[PDB]
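Undergrad: Let me give you the structure first, and then I'll get to my questions.
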Amino acid sequence: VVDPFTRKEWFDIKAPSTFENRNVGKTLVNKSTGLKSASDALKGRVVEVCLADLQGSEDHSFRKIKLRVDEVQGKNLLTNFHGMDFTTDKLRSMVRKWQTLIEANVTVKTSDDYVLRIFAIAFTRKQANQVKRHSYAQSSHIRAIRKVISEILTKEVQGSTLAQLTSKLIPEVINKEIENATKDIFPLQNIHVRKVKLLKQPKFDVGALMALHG
Amino acid sequence: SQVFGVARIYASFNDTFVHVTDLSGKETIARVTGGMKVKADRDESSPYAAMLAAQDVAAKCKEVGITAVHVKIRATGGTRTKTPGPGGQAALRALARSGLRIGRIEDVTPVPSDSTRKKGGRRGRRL
Amino acid sequence: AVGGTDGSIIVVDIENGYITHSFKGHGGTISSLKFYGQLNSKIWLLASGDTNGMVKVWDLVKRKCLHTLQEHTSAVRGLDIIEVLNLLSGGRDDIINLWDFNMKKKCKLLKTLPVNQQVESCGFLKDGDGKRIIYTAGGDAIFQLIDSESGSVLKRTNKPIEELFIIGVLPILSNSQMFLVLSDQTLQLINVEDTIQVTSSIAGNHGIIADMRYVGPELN
Amino acid sequence: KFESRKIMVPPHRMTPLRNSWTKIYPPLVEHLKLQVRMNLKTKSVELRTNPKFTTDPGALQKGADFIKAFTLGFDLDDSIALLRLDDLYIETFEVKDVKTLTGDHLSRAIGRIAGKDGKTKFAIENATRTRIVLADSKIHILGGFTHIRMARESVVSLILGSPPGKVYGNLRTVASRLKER
Amino acid sequence: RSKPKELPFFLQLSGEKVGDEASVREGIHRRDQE
RNA sequence: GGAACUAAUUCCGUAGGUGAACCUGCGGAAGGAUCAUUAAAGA
RNA sequence: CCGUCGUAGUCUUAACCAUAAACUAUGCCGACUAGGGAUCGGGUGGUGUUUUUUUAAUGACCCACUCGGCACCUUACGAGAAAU
């Protein structure tokens, strides 16, 4: 004899300033009561929204983003970056038969000393005139590709403060410099960041979080 | 346009789970399954039941403050079957035609970079 | 008056099954609506409360939305139109807000009452003369009569040990009889004049009976 | 008041479906009143529902299921059946699911399901009124739930290395006890 | 004794008719001919 | 008990066994019946 | 004609045992006898293709050849009871 819905208070979630749409979704909490409140619950939640819902454009159907809530201000709770994933359906289609797959990754620091591990995947493409279907590189090929990818990724992560990497990933410049330094080794197709995770963030610093929001 | 939540359908064999939550996941909103809407054990998974649970879930779903929903369909997974149960597509078919506008639905069955020994042994299980 | 889940509100005449007029309204769920009328009058006022703290005083003859009062920070569960004009709106968050209503643009917030309970419903009681005590229903189920001139509570009918919330109150008002629908699914009749005393208790439904045991000398 | 479902098309099954395309989209757009776009570069079929032209909300969901059925390598006629009959569903499992088989052991296993000149595979569908697809390690089934459960047991009995004859026995047993009812 | 002797785009099927035994268990054209 | 009335698939190596007309676990073998489709970086 | 509990075991170190249809159910080294297209590795040849930058150098690819591989195809001026 209670009903949970008629007790909680609806809340509004706002995305980071560097995004196509600030508005994201609404959530249910629990009245900020004396002893156990609505303030504590909202801070640790995260939200997975496909950036195509978050950028509008569909040339972005895959690629999912983690938005974590850090601060709150009355029916208005802000968010920052917490990671990026791909979509499972898109990844399955990319793994075609008779072709080499290549992955590489590095754990690396930024300016505003978040620590992250970013990913990268690419596949050997057929030479547009090639009689042989397999088109497999040569391990020696693979070794070199990963070392260059690894090279390029560490350069981007150290240069990017944290938010800048965000601004770096969205237009996928990374994806292309790869292809550029790569095409001298072996063809390759797709080539994406694929997944990035956060594992060590610095300290709150309420000032820095406010700067991202507009 | 709508208010978005998350649908999330676990459809194994021998039962089908439907339950909608807040887009973050932390706070949920109504569940009900196929085992709930019939009594016969044997008939716990069947589409007929899932439809009934899709019906109940739709009611409470719009009873609170949700009008729309993204679904994340899912089989058992792990070292198990990996294929969609019967009453998961039927649980989504009965949920699709209910007004709740849908949007973007991916598969989320846990798939390992394989391992931990499957159950059954060399002979294997179900026959 | 009917309030839709979408927030669109349509007014239907009780006698004939037709809609006199349809109002698009605010873009939110409609928490409650209140009608104002005189056995015979050329003025009729309808007040609608959204899930958010927005009150629109739709005017039926004018067919316009006169006023917007987003003083409230939460959906207005209960709206009471006080007799001439001041509008009293129950606040889900905790704020119960007085208002001044007029046909013309001029309107203002006369007073704000802070009460330590959710305002499930509220009303104006004629008893107590000029110092009308607003009738307030809360989540904690403690009925409160509050001075208008001061924010102090003249009398509180109960605190109940059972953890229940009164969903809504049906009051005769002329007969000074208030019916409270409790979250333990019981109805209490309270007369209106320190602790409010229930004249009688009527239980609508018993959810589960743990055991049946006869007691008392009469055995009835 | 729109609705958008977008399904990826496999390259191997892409050519037959594109060739029959002209037989494919008309029953959708004309018989069911629906919008069927096709992105050749992204190899993705896009089914959009128009509120003015779509009588049933379920039809948009039905259209996506029909495209997927053909996607799984089923026949166009089988895909048409999904729109016509609701009771028809598809079941997919991995041979590795029922019995971990390596190399040639897997290969031969597949043959025991197919049989010489498809004879083993064809008998199960006729006696179970269903449609089966033998992909790589994936097997797909298409039909009524009660029909699929009987068909899955017969297919599993094969994949367990039981001899085809025994499976014929169980098959005519089940087909008899169900066509009787 | 002298006189001589003599579909829909969406198919409609009952739950019992299709493979929904569970729905039929809980389940609860003369005018057209006229 | 007495006496009335009315009604009418095969096999191998290995290990173990108390519902063992033999079976079971682990790994092998075939000396066991391959239909169907298959260019979609078809940039 | 299975389901449940589950001891040893399953994994690892140090030591044993010391055999399998341990099978292509076909000793080793060499030498001769006949055709074809694929493929793995290596090398040679090209005013071949593609990558652009300013042409290259690279790389991947195409053609011809040649060693050495894992295999398949067709056949004989050969062999077999016959499959081969």
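Identifiers in the structure tokens: chain A, B, ... in order shown; residue index from 1 per chain; ligand index from 1 in order shown.
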Determine, counting only C-alpha atoms (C1' of nucleotides), which protein, DNA and RNA residues have an atom within 8 Å of an atom of range 197-214 of chain C; residues of the same chain fewer than 2 positions away are not included. Present the result as a ChimeraX atom specification.
TA: /C:157-158,185-191,195,216,219
Undergrad: How about saving the chosen residues, N, CA, C and O atoms kept, as a tab-separated table (two decimals), in the first residue's frame?
TA:
chain	number	residue	atom	x	y	z
C	157	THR	N	-4.87	17.09	12.97
C	157	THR	CA	-5.80	15.98	13.31
C	157	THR	C	-5.04	14.74	13.81
C	157	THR	O	-5.48	14.18	14.84
C	158	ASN	N	-3.94	14.35	13.17
C	158	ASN	CA	-3.23	13.13	13.64
C	158	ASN	C	-1.75	13.17	13.24
C	158	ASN	O	-1.39	13.95	12.34
C	185	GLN	N	-5.27	2.07	2.77
C	185	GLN	CA	-6.56	1.78	2.16
C	185	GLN	C	-7.71	1.81	3.15
C	185	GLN	O	-8.57	0.94	3.20
C	186	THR	N	-7.77	2.92	3.89
C	186	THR	CA	-8.86	3.15	4.88
C	186	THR	C	-9.38	4.58	4.70
C	186	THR	O	-8.63	5.40	4.16
C	187	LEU	N	-10.62	4.85	5.12
C	187	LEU	CA	-11.18	6.23	5.01
C	187	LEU	C	-11.55	6.72	6.41
C	187	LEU	O	-12.24	5.98	7.14
C	188	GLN	N	-11.11	7.93	6.77
C	188	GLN	CA	-11.38	8.49	8.12
C	188	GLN	C	-12.26	9.74	7.97
C	188	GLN	O	-11.93	10.59	7.12
C	189	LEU	N	-13.32	9.85	8.77
C	189	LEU	CA	-14.20	11.04	8.72
C	189	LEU	C	-13.76	12.01	9.81
C	189	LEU	O	-13.79	11.61	10.99
C	190	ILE	N	-13.36	13.22	9.43
C	190	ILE	CA	-12.89	14.23	10.42
C	190	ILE	C	-13.76	15.49	10.34
C	190	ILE	O	-13.89	16.04	9.24
C	191	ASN	N	-14.32	15.91	11.48
C	191	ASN	CA	-15.15	17.14	11.53
C	191	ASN	C	-14.23	18.37	11.47
C	191	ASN	O	-13.05	18.23	11.86
C	195	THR	N	-5.19	18.35	18.53
C	195	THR	CA	-5.14	17.19	17.60
C	195	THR	C	-6.55	16.92	17.06
C	195	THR	O	-7.47	16.74	17.87
C	216	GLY	N	-13.87	-10.62	22.00
C	216	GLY	CA	-14.94	-9.81	22.62
C	216	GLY	C	-16.05	-10.66	23.22
C	216	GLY	O	-16.21	-11.81	22.77
C	219	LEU	N	-19.11	-11.16	20.62
C	219	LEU	CA	-18.55	-12.02	19.52
C	219	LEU	C	-18.95	-11.50	18.14
C	219	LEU	O	-18.63	-12.17	17.14
Undergrad: Contacts of residue 28 in chain F at 9 Å or less, counting only C-alpha atoms (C1' of nucleotides), minus same-chain residues fewer than 3 places along, as a list in words?
TA: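 The neighbour list is residues 12 and 13 of chain F; 20 of chain G.
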Undergrad: Name the residues of chain E that come out as alpha helix (DSSP H) in a backbone DSSP run; write them as an NGL selection string.
TA: :E and (21-25 or 30-33)
Undergrad: Could you list, as a list in words, every residue within 10 Å of residue 115 in chain D, counting only C-alpha atoms (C1' of nucleotides) and ignoring same-chain residues fewer than 5 positions away?
TA: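 In the requested format, the answer is residues 108, 109, 110, 120, 121, 122, 123 and 164 of chain D; 33, 34 and 35 of chain F.
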Undergrad: Taking only C-alpha atoms into account, find every residue of chain D that has an atom no more than 10 Å from chain A, and write it out as a ChimeraX atom specification.
TA: /D:7-11
Undergrad: For chain C, list the residues within 10 Å of chain B, counting only C-alpha atoms, and write the list as an MDAnalysis selection string.
TA: chainID C and resid 5:6 29
Undergrad: Atoms to include: C-alpha atoms. Write the selected residues as a PDB file, in the first residue's frame.
TA:
ATOM      1  CA  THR C   5      -1.391  11.661 -19.543  1.00  0.00           C
ATOM      2  CA  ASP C   6       0.183  13.824 -22.353  1.00  0.00           C
ATOM      3  CA  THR C  29       1.400  15.798 -17.357  1.00  0.00           C
TER       4      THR C  29
END
Undergrad: Only residues of chain G matter here; which ones have an atom within 8 Å of chain A, counting only C-alpha atoms (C1' of nucleotides)? Give them as number ranges by chain.
TA: G: 51, 58-61
Undergrad: Would you list, as a ChimeraX atom specification, the residues of range 6-80 of chain C that end up in strand (DSSP E or B) under DSSP run on this structure's backbone?
TA: /C:9-12,19-23,30-36,45-50,55-59,64-68,79-80
Undergrad: Pick out the residues sitting within 12 Å of residue 126 in chain B, and hand them over as a ChimeraX atom specification; count only C-alpha atoms (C1' of nucleotides), and ignore anything fewer than 5 positions along from it in its own chain.
TA: /B:80-81,119-121 /D:97-99,152-157,159-160 /G:2-3
Undergrad: If I take CA of residue 176 in chain A and CA of residue 79 in chain A, how far is one from the other in Å, to one decimal?
TA: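 If I compute the distance from CA of residue 176 in chain A to CA of residue 79 in chain A, I get 29.1 Å.
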